[PDB]
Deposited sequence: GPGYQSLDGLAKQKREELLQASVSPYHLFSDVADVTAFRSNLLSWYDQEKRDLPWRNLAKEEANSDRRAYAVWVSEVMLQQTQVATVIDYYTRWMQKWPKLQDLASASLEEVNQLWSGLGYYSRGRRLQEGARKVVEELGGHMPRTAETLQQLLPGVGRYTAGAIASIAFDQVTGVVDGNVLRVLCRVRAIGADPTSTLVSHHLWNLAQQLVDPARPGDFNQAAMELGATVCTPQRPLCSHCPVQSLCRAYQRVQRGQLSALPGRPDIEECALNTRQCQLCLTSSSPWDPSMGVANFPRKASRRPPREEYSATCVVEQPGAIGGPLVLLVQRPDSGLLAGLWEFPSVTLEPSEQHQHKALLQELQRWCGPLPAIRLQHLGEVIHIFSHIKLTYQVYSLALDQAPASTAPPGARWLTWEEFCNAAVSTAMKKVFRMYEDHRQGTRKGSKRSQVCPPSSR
């Protein structure tokens, strides 16, 4: 079992927690496009599709970044049938710059499955949503099911994890499988049976605007009377959920002692050489060369200027890049390769350093443009399915140009 200092053994505490959080939400909730669409869309499938898209985009992405992407998505594909007919290229174009591009592909595949195999009907429970929809894990299933279908299911995102680890003073490593089970148990216990969707959004919004990672706003916290972390700074525990013997306590960290942060290792340094090959084209030039990454691994299926991966001691070499550029353009006068500078793009796991080069041709390449290579205008590149790193490479190529 566990201690009651770590659970809500008093139903009055749960009832007060629901009413306090919901009351704060009822007078402070942020105006969001997917919240308006949900409360007015009477059709369950349409309503679930709007919630589905928002919850996928919100994965590891802040609300402020999602709002513009969600609006563009719903404008282009207002219905599941519209998304089901879209190409993966189009999805990658709209997802450009949002990050974690597998979310877009699976969102399109899932809608394609709903329309083509389920008659356009969304599963109505978190269990079946998670079972049938790719890219819909445990959070997104409970998110869709509670918000769109009123199923009484609690969810745990990063915000709820931070709120719960503080309210019940959980100081263990939150990523371990046992505290993860206890957090989802607390969420399923606390979720309001009458308003499960509004409860989950209230909990998540509380962790984004009040119970923030740094400098929380307890002077404005509605659940400050049910938080064990807050009362300590002003009932003690009897373990596996408190702070370990090696886990240090800090008087100057306040309630932010919880949750215990996991010191991440800095990303591995990788090095690459990329070049923006240009030709004058006709009207609307110049045209720049884009090639498509493999449909696996990092930035799968996106378009990029021709690049080569180099070991650190070779990061300034040209021979591998020239060999790559001659694949798509044929023979190339090599002394025209101009070094423009470097671009450092940070992934969650890779620190990539691009040595950016530029190559301006006088006319069209003598060899025919092989398949897999496209020559785009500048406007077409800015709307293409490319990663932000390549947009950084282009804007540098645009600066060092006359």
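- The deposited chain is incompletely modelled, with C-alpha atoms absent over 1-21, 256-268, 273-277, 442-458.
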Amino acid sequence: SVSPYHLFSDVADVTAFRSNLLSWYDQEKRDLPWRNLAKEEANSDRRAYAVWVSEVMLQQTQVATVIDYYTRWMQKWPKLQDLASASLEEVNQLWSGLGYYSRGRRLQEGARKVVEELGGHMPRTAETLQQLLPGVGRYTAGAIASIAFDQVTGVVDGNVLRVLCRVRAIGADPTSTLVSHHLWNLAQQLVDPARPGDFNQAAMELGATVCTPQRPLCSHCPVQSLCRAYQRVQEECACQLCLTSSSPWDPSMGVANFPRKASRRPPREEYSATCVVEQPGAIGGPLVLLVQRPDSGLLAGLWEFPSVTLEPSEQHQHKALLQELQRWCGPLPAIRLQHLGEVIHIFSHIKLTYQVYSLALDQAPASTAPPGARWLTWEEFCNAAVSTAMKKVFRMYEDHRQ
From here on, numbers count along this sequence of modelled residues.
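- Comparing 298-306 with 324-332, the higher mean C-alpha B-factor in the PDB entry belongs to 324-332.
- Of the two segments examined, 217-225 and 137-145, it is 217-225 that shows the higher average Cα temperature factor in the deposited entry.
- In the PDB entry, the Cα temperature factor peaks, among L361, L352, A48, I67, at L361.
- The PDB entry assigns the greatest CA B-factor among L94, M74, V156, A169 to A169.
- Annotation for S387: C-alpha temperature factor in the lowest third relative to the rest of the modelled chain, per the entry.
- Ranked against the other modelled residues of its chain, the C-alpha B-factor of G341 as given in the entry falls in the middle third.
- Per-chain ranking of the deposited C-alpha B factor places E127 in the lowest third.
- Looking at the C-alpha B-factors along this chain, the one for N200 belongs to the lowest third.
- The PDB entry assigns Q108 a C-alpha temperature factor belonging to the lowest third of its chain's modelled residues.
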